[PDB]
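Quick setup: one chain, the form deposited without uracil, written in structure tokens, and binding and motion questions come after.
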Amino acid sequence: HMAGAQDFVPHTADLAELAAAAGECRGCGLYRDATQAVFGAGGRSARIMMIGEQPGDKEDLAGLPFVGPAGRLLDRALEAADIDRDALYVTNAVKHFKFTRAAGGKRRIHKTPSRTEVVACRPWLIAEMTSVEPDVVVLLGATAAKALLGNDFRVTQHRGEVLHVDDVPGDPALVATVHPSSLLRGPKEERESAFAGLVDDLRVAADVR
């Protein structure tokens, strides 16, 4: 248990115990500056798991995943797909906010977790997957997609595709889609196109049998 977060992950599938243990994780350096660990949220009967990159500024203080503008956009997209809450477990590839500030900024600015951090934190993701046994996993953005599909995976090339990789416990369906935060910037028309495609991918996931 010498690698990354491995020794911090208890031998239990209980999400409450997992979240408590993740609160004490020192498996990479990100715990130092962040406020708290942000574990995933939902229950183990969920059939759809969603994985973002990391808790953001709001998530870091809320102690819950997907609470910012990007979570609100995600809510809009789940609505437009016909996805119910009880079906969902939502979490992040890295579970401590990695960040910096810029003078005059209105928020703390997220920084991209390195591959080393993603791999160090992945024992938690594996624990969550084995705990939840989802039918499908939605990977929201490149960091999360690469966490499970390989450092060379390209989200832009596999949109709407149902993927299956044989080193993911329980062989769930996998669907890689856009980083919802990316849909906050830019021309309305392209944000609307992007939103429709995210809904497309969520429907694809929700229809996995």
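By rigid core we mean the largest C-alpha set that fits within 1.5 Å across both forms. Throughout, we count residues from 1 along the sequence that is shown. Only residues modelled in both forms are compared.
Separately, the form solved in complex with uracil exists; it is not shown, and the next lines address it.
J.: Open or blocked: uracil, posed as in the deposited bound form, superposed onto this form via site C-alphas, with 3 or more ligand atoms within 2.4 Å of backbone or C-beta counting as blocked?
T.: Judged against uracil in the deposited bound form, the pocket is open.
J.: Does residue 177 reach uracil in the deposited bound form, with heavy atoms at most 4.5 Å apart?
T.: Although uracil is absent here, residue 177 would stay clear of it in the deposited bound form, with no heavy atoms inside 4.5 Å.
J.: Would residue 40 count as touching uracil in the deposited bound form under a 4.5 Å heavy atom rule?
T.: It does not: once uracil is placed as it appears in the deposited bound form, residue 40 has no heavy atom within 4.5 Å of it.
J.: Just one of 59-67, 148-156, 168-176, 40-48 has residues with a heavy atom within 4.5 Å of uracil in the deposited bound form, so point it out.
T.: Checking each option against the 4.5 Å cut-off leaves 59-67.
J.: Which residues from 34-63 come close to uracil in the deposited bound form, meaning a heavy atom within 4.5 Å?
T.: Residues within 4.5 Å: 52, 53, 54, 55, 56, 59.
J.: Which one of 136, 77, 87, 129 is the only residue whose C-alpha moves by 2 Å or more between the shown form and the other one, after superposing on the core?
T.: Among the listed residues, the one whose C-alpha moves by 2 Å or more is 87.
J.: Do any runs of 3 or more residues shift their CA by 2 Å or more between the shown form and the other one on a core fit, and if so, which ones, in sequence order?
T.: Residues 85-87 form the single run that moves by 2 Å or more between the shown form and the other one.
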